[PDB]
């Protein structure tokens, strides 16, 4: 039975969060769009292996929109990490396994490095480390132009699974619609240079498991593969592209549980 509720933290954020299961804590941090419905099936599937799974909409996104501006403008990994630590503090999650893609991947690595006592192990997927001008240039467009362009880009280029993307439903896509402008203005310029992945050695020997999408063009996260290999960090593939939890929920869920079981 899934808890669907709100909890507030003293940095001014009111988080929408979901929680199911009993057992060691596993936390699913969204990608930049900040929408935790993307995890819905995997929440249940990972919980059914004996885990308490918690996820949430990210600050300023979807149903966690009640948040002050610093929390969704000039966003950095280090900022997100501290927001995530504060919602963990509120929910009394002391020791967590954490997953994150994209800005969520940067967040989890910054969590692992900054709060090692708190993080049992971290799985990061497709960690952005490069400025991408086609994304960054949308910031200066009109809100509805941004939503049209980014919605299309997710649907056609990066979903990894067009049908599964569209099957999330109208409600989700209506929340994403409003998030695309806030993401565009707040994330693409400032997340990449915040990447906590330039000190290779600090990554060495850490409980970190890195993935890239199998179908993602080799150029997008070529640099993740080099960096992981130079740091001896485990690196592999998940099917699909930027949203394996949408396109391949069953393999995603099994990967989270199997990687979590390694570190208990």
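Positions refer to the first chain, counted from 1.
> Pick between 174 to 182 and 142 to 150: the one whose mean CA B-factor in the entry is higher.
It is 142 to 150 that shows the higher mean C-alpha B-factor.
> With reference to the PDB entry, specify whether the mean Cα temperature factor is higher for 195 to 203 or for 216 to 224.
Per the PDB record, 195 to 203.
> So among 164, 84, 101, 109, who wins on Cα B-factor in the entry?
Going by the entry's C-alpha B-factors, 164 comes out highest.
> Reading the B-factor column of the entry, which of 158, 91, 124, 75 has the highest value at its C-alpha atom?
Of the candidates given, the C-alpha B-factor peaks at 158.
> How does residue 208 rank on Cα B-factor within its chain, lowest, middle or highest third?
CA B-factor rank for residue 208: middle third.
> Divide the modelled residues of the chain into thirds by Cα B-factor and specify which third, lowest, middle or highest, holds residue 250.
Highest third.
> By the recorded C-alpha temperature factor, relative to the other modelled residues in its chain, which third is residue 9 in?
CA B-factor rank for residue 9: lowest third.
> Which third, lowest, middle or highest, does the CA B-factor of residue 58 fall in along this chain?
For residue 58, the deposited C-alpha B-factor lands in the middle third.
> Could you look up the Cα B-factor of residue 132 in the entry and say which third of the chain it sits in: lowest, middle or highest?
Within its chain, residue 132 is a highest-third residue by C-alpha B-factor, going by the deposited values.
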